[PDB]
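One chain comes next, on its own, written out as structure tokens in the form solved without the named molecule.
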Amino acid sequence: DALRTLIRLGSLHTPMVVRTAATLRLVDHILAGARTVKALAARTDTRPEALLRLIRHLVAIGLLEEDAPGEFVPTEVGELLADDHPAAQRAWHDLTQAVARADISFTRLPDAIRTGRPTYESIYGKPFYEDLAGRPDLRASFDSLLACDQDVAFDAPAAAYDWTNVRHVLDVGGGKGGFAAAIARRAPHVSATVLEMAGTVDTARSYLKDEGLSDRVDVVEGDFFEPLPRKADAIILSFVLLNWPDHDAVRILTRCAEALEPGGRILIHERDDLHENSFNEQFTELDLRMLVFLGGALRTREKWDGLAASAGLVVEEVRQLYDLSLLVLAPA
């Protein structure tokens, strides 16, 4: 009934159990033979009696079940925490990796609601990307989480755009380069450049080199708030602007506008929504993460028009493809 539902929604221990079990690679250990609690505790380096208590709640919430007496086995839902599942939900729930670590910022959500400012720095001592610049493991973990998709997640946006009159593509904060590579495979005449931060540029280079695309896709280390390294016919902003508050996003959009060739276009790859369609879990998860990690925000369809106009741009067309959008921006 109504009481049961509210207790479940407000329960902080349940997602922490899911995250703890992910961090211990508990499902992997079961799958690699660790039948009993005794052997599971050995592999995860935990107290048997406490691990049982954890496992009890994992059975209660339907991630593990008991097969034979004392033998715990993942359910269909628990199997998604195997480290080799395509959705990478174990690493995304791993408290040592960048995202689940950043989610501890939600423990201070009232502060963000009162001020509109992110809470990450009050916990970890630096803002999100400064923290990542001083912690190579966090830098690398963040890039690998977002790029867990890379081989196929940019196939759809690359197909949604006519590359016939594109000669060079600049991917501004393009991660490990998977979007650039998707376009390259889709359009052999096109060349590309990825602009990224320290650390990320190295794994982007080796990923692109390992696709056999280093003849087609360059990587430049730099700062997207400074003049861009080069001009281009299509400039990519894929899950970049939501990281930034309005004024920084306009500056980023302004830098991209300065770097368009005649006829060029700015492409935004992001989750958006008509306002009255945005009261959904997918939108809020990303939007509220952006608030507490960085002070960024998801933007409704209506708000893209205004941000575009501040940058001297217009939204020319939107295409729906999670469920993502490709926004095509032209000079106003």
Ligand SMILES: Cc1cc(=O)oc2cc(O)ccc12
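Note that residue numbering follows the sequence shown and begins at 1.
The discussion below concerns the form deposited with the named molecule bound, not included here.
Participant: Between the options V37, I61, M290, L54, which residue brings a heavy atom to within 4.5 Å of the named molecule in the entry with it bound?
Facilitator: The residue in contact is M290.
Participant: Would you kindly say which of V250, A259, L146, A91 lies with a heavy atom within 4.5 Å of the named molecule in the entry with it bound?
Facilitator: That would be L146.
Participant: From the candidate stretches 161 to 169, 110 to 118, 138 to 146, 204 to 212, select the single one in contact with the named molecule in the entry with it bound, where contact means a heavy atom within 4.5 Å.
Facilitator: That would be stretch 138 to 146.
Participant: Decide whether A41 counts as a contact residue for the named molecule in the entry with it bound under a heavy atom distance cut-off of 4.5 Å.
Facilitator: Although the named molecule is absent here, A41 would stay clear of it in the entry with it bound, with no heavy atoms inside 4.5 Å.
Participant: Can you tell me whether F239 touches the named molecule? I mean in the entry with it bound, with a 4.5 angstroms heavy atom cut-off.
Facilitator: Looking in the entry with it bound, residue contacts with the named molecule include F239, since a heavy atom lies within 4.5 Å.
Participant: I'd like to know if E285 sits close to the named molecule in the entry with it bound, meaning any non-hydrogen atom pair within 4.5 angstroms.
Facilitator: Output for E285 is yes: heavy atoms within 4.5 Å of the named molecule.
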